[PDB]
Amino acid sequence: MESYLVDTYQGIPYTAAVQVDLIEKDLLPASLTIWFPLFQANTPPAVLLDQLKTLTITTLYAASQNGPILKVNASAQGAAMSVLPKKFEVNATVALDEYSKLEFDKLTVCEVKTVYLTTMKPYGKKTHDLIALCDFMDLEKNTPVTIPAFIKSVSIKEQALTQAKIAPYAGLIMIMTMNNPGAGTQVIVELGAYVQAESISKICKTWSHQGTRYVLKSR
């Protein structure tokens, strides 16, 4: 019921990274940002997003061996929504004030306040590390920021222009696509979910990629 698109890949089949800002339909509503397992899409992104705007999510707070989780169940209207992951578990790691607002074992329908789509390239002798230093400018604050991305590990015997974008996926992720040395290839750096759902939209629109420096570090 409110969207934002980050288009890193424009292609016939592409990986879809979906993240949603939710709010519980109950008397102690918790606000949550969760993301879907990745899936493949063959329809235009602007068109997938519209269909995703009909998303209906149901969560249920549960315990698991690897900490507490949320058993998610989702639905949407549209042909392209047949491939949408319907039932998946997520780590119920929330802002500490939200823990009180998380009723255990109560199947609650959540209400989508924003739906984010990120397009990606479908997935399908040893020293020095090739690392890419992605340079950005926070236009809200006019303060630079450099996020390092590990690329390859090369061996040493005794790129010019690439694109980087801040996208909302595992909270926020930086995705960098290299054009040639190979070919179109993406590196994802996870920045973590520790952030206000409101600021997620803010960061993406204010963090402008300035340039990329490739460095080499002996191991």
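Just count from 1 along the sequence shown to find any residue number.
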Residues of the deposited chain absent from the coordinates between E158 and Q159 total 10 or more
Per the record, how many residues of the deposited chain fall between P181 and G182 without being modelled: none, 1 to 3, 4 to 9, or 10 or more? 4 to 9
Out of 51-59 and 160-168, which stretch has the higher average CA B-factor listed in the record? 160-168
Take the C-alpha B-factors listed in the entry for 138-146 and for 82-90, compute each mean, and give the stretch with the larger one. 138-146
Hey, out of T108, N73, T127, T114, whose CA B-factor is highest in the deposited coordinates? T127
Taking only the Cα B-factors deposited for this chain, tell me whether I131 sits in the lowest, middle or highest third. lowest
For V215, return the chain-relative third of its C-alpha B-factor as stated in the PDB record: lowest, middle or highest. lowest
Sorting the chain's modelled residues by C-alpha B-factor, tell me whether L27 ends up in the lowest, middle or highest third. highest
Tell me, lowest, middle or highest third: where does the Cα B factor of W35 rank within its chain? lowest
Relative to the other modelled residues of the same chain, rank the CA B-factor of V20 and answer lowest, middle or highest third. lowest
